[PDB]
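Right, one structure below, let's go through it.
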Amino acid sequence: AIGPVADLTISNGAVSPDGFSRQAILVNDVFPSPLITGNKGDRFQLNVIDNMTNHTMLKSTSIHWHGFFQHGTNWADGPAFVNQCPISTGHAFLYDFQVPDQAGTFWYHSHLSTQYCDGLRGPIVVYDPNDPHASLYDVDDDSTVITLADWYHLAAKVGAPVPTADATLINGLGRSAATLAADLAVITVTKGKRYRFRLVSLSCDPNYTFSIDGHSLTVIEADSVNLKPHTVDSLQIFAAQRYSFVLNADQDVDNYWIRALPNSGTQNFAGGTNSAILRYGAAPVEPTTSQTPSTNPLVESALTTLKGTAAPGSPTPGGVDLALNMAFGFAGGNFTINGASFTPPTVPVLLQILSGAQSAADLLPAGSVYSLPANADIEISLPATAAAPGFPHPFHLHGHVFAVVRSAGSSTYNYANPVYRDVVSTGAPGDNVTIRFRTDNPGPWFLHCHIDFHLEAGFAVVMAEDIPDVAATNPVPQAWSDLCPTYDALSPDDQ
Ligand SMILES: *[C@@H]1O[C@H](CO)[C@@H](O[C@@H]2O[C@H](CO)[C@@H](O)[C@H](O)[C@H]2NC(C)=O)[C@H](O)[C@H]1NC(C)=O
Ligand SMILES: *[C@@H]1O[C@H](CO)[C@@H](O[C@@H]2O[C@H](CO)[C@@H](O)[C@H](O)[C@H]2NC(C)=O)[C@H](O)[C@H]1NC(C)=O
Ligand SMILES: OC[C@H]1O[C@@H](O)[C@@H](O)[C@@H](O)[C@@H]1O
Ligand SMILES: [Cu+2]
Ligand SMILES: [Cu+2]
Ligand SMILES: [Cu+2]
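Residues 22 to 301, 303 to 517 in PDB author numbering are what the sequence shown spells out, letter by letter.
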C-alpha cells in the first residue's frame, strides 16, 4: 500500500495483537508493520527515520530487505556490522536500491540483534506486470498477503534466551492460551474467484505447517522464484521463506479454518489458537471445519523452477570452482560453524574491505569470514547435527538465490532442475542439505541461521565475495559513511 518511495518511521508503543498489552516496535505508527509494494525493476527509496526511545529493545536500527540481490548496493543490505553500522536514534537513513530482474514476495525486518522479534517486520510485494502466472488468478492485492509470525509476551532481551511463543499471529492477529476470545484474522473470498495468496514467514523461530481446511494450494513462487505450479494440501514454511499459492474459491460458501501449526510451543488448535479465518455471504462466526489428514504435503525436492534451470556447475559432488562444508557445533552458549562463533565486529565487514582488507584472514571476526572467487560456481553443504540444538535450522544467504541440489528428508542430489530459493531448512541429524550458487555479486554477504535467537548466539558466517571488486562495484553514499562515526559516538545506554 505504501512504496516504492516512502518514509518508514520507527517508534515504540503498546500493542496487543493477541489481546495482551506489551511494549513493541511500531512502523509508521502501526503494528504489525505495513506492507510495502512496487513493481519489477523499480527504484526503492525507503527513508528509515529512527525515533525509538527504548534501549531494552534497542534504540538503534538496521533494516534488511530480504530477498533482494542488492547488486551495486551491498551497503543497503541491512545486517548490522556486516553491511552497515546501525541507524542511531533521532537520525534517519535512506535505503536507495533497485530491483532489476526480481519479482515476487519479500519482507523487511530489523537486522540488528534480535530486534525484529519485538515487531519491526513487514511484508513486501514486488508485482510483475508480465508475471508468467498472471493467468492463474483473478485477485492479487493487499488483502491477499498472508503473514505468519511468532509472538512473545516478554521481549527478546527480557524473556528466556530461547523463548517459547505465546501465540502465532496471522496477519498480525492470533490467540494465546489466556486470550481465547481475542480477534482472529479474516481473509475474505468470493466464490468462483481465484486468489494469489502471498504467504510470508516473519517468524523469529518456529516453522509452521500451513493448511486451509477443505482447500488445496497451488504453489507457484518460492522465495521470489517462479515455480512450475505444484498443487499440495499442506506446506511446511520456515522462518523467512515465502510461497505464492493459488487458491480457487470453489467450495461451498462457508467459513474455513486457516491453520499454522508451529513446530514448538502450543502444538494444537484448541480454542482457535494458531488459526485464522477463510470467509466466503458466510456467517461472521468461527469455522467449525475439521482438519483432514495431509495426503499431499509440499516436498521441497519435488518443486522445480518455472524454467527448469539446471544447478550451476557440473552434475557431480564437488563439481564446482569452490566447495565448502559448514560443520555445526555448540559450546559455551555459542553456536559454531567450523569451530568459530560469530560476534559482530566493531568495524562493519564492508567497511573493513573498503578500508583495505584484502583477504579473509584480514577480516574480522577471525574464522567467521570466507573469501569467494569472482564469477564462479560455489557448492555449500550444511549437514544437520544434534550438536546444534533446536534443529531444523533454516539458513539464508544474502545477495543471492541458490540451487537446492539436496533437501531435508531427501537422500538424492538434483543438479538438473532443482528448486531455487534463498532460505532453506538444513533439516534433522543425518541430512546434508546442499546448495550451489554463482558469485555474480561482489560484496560481503551474511550466510546464517534465520532463527533470530540462534543468530544472537553466533550461528553465522560471512561470504566475502569477490573482495578486489567490492569498492568499485559498491559506491557508498555519504550518509552510509556517516553511520559508523554517529553510532560510535553513542553511549551504550543509547544503543
Ligand atoms: C521498553 O521495552 C521493554 C521491553 O519490551 C519493556 O519491558 C517491560 O518491562 C516491564 C516492567 O519491568 C515488565 O513488566 C514487562 O513484562 C516488560 N515487557 C516486555 C514485553 O517484556 C519496558 O516497559 C519498555 N519501557 C518503557 C518505558 O515502556
Ligand atoms: C555432507 O556433504 C559434504 C560434501 O559432499 C561431505 O563433505 C565431503 O566429504 C568427503 C568424504 O569425507 C570428502 O571427499 C570431501 O572433502 C568433503 N567435501 C568438502 C569438505 O567440501 C560431508 O562429509 C557430508 N556430511 C555428511 C554427514 O554426510
Ligand atoms: O518482568 C516481568 C514482570 O512484569 C510485571 O508487570 C509483573 O507481571 C511481574 O510479575 C513480572 O516479574
Ligand atoms: Cu531476512
Ligand atoms: Cu537455528
Ligand atoms: Cu540475515
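Cβ atoms here follow ideal geometry from the backbone N, Cα and C, with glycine treated the same way.
With DSSP as the reference, please indicate the residues paired to residue i in a beta bridge.
i: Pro451; result: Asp453
i: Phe52; result: Paired residue(s): none; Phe52 is not in a bridge.
i: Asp159; result: None, per the DSSP bridge assignment.
i: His85; result: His130
i: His154; result: According to DSSP, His154 bridges with nothing at all.
i: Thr358; result: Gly351
i: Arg458; result: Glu401, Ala425
i: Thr508; result: BP columns for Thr508 are empty, so no partner.
i: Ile108; result: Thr82
i: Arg64; result: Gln119
i: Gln44; result: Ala35
i: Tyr435; result: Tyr435 is not bridged to any residue.
i: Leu169; result: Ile191, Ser222
i: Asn276; result: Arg300
I'd like to check one pair, residue j with residue i: are the Cβ atoms closer than 8 angstroms?
i: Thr126; j: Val146; result: yes
i: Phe89; j: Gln136; result: no
i: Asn95; j: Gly465; result: yes
i: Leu248; j: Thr327; result: yes
i: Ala501; j: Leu115; result: yes
i: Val69; j: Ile23; result: no
i: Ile57; j: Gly143; result: yes
i: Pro440; j: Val426; result: yes
i: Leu133; j: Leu79; result: yes
i: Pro370; j: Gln91; result: no
i: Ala270; j: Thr211; result: yes
i: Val246; j: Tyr442; result: yes
i: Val36; j: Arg43; result: yes
i: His236; j: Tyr277; result: yes
i: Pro283; j: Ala186; result: yes
i: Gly34; j: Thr200; result: no
i: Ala202; j: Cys225; result: no
i: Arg458; j: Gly355; result: no
i: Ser432; j: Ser323; result: yes
i: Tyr392; j: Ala382; result: yes
i: residue 302; j: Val492; result: Between 301 and 303 in the chain the model has nothing, and residue 302 is one of the residues in that span.
i: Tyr301; j: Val342; result: no
i: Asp117; j: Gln66; result: yes
i: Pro38; j: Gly59; result: no
i: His76; j: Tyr129; result: no
i: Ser109; j: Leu512; result: yes
i: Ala450; j: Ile298; result: no
i: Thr456; j: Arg428; result: yes
I believe residue i touches residue j by the beta-carbon criterion, under 8 angstroms. Please report the beta-carbon distance rounded to the nearest angstrom.
i: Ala430; j: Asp453; result: 5 angstroms
i: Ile241; j: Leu268; result: In fact, because the Cβ distance is near 11 angstroms, the residues do not count as touching under 8 angstroms.
i: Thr82; j: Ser131; result: 6 angstroms
i: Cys471; j: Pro416; result: 7 angstroms
i: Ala410; j: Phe357; result: 6 angstroms
i: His112; j: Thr508; result: 6 angstroms
i: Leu325; j: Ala243; result: 6 angstroms
i: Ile46; j: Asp139; result: 5 angstroms
i: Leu223; j: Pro319; result: Not a contact, Cβ separation roughly 22 angstroms.
i: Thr368; j: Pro387; result: Not really, about 10 angstroms apart at Cβ, beyond 8 angstroms.
Practice item. Mind listing which residues have their beta carbon within less than 5 angstroms of any non-hydrogen atom of ligand 2? Chain order is fine. Key: My final list is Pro339, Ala345, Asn347, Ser403, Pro405, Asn454.
Review point. Counting Cβ pairs, one atom from each stretch, are 3 or more of them under 8 angstroms apart for the segment 408 to 427 and the segment 463 to 477?
Key: Contact between the segment 408 to 427 and the segment 463 to 477 is established, with three or more Cβ pairs separated by less than 8 angstroms.
Review point. So, do the segment 188 to 202 and the segment 293 to 301 have three or more beta carbon pairs nearer to each other than 8 angstroms?
Key: By the C-beta criterion, the segment 188 to 202 is judged to be in contact with the segment 293 to 301, since at least 3 inter-stretch pairs fall below 8 angstroms.
Exercise for review: Could you tell me whether the segment 148 to 163 touches the segment 206 to 217, where touching means 3 or more Cβ pairs closer than 8 angstroms?
Suggested key: Touching, yes.
Check your understanding: Are three or more beta carbon pairs between the segment 251 to 260 and the segment 172 to 190 nearer than 8 angstroms?
Key -> With the rule of 3 Cβ pairs closer than 8 angstroms, the segment 251 to 260 does not count as touching the segment 172 to 190.
Review point. Given 8 angstroms as the limit, is there contact between the segment 346 to 354 and the segment 391 to 406, that is, 3 or more CB pairs closer than that?
Key: Yes, the segment 346 to 354 is in contact with the segment 391 to 406.
**Study point:** Exercise answer, beta-carbon shell around ligand 4 heavy atoms below 5 angstroms
**Key:** Every residue passing the under-5 angstroms Cβ criterion appears here: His87, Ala261.
Review point. Can you pull every residue whose C-beta falls closer than 5 angstroms to some heavy atom of ligand 5, listed in chain order?
Key: Of all residues, those with a beta-carbon under 5 angstroms from at least one heavy atom of ligand 5 are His415, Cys471, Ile473, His476, reported in chain order.
Exercise for review: Would you check if there are 3 or more beta carbon pairs closer than 8 angstroms linking the segment 387 to 397 to the segment 475 to 487?
Suggested key: In short, these stretches touch, since the Cβ pair count reaches three.
**Study point:** Residues passing the C-beta test against ligand 3 heavy atoms, cut-off 7 angstroms
**Key:** The set of residues whose C-beta lies within less than 7 angstroms of a heavy atom of ligand 3 reads, in chain order, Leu175, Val179.
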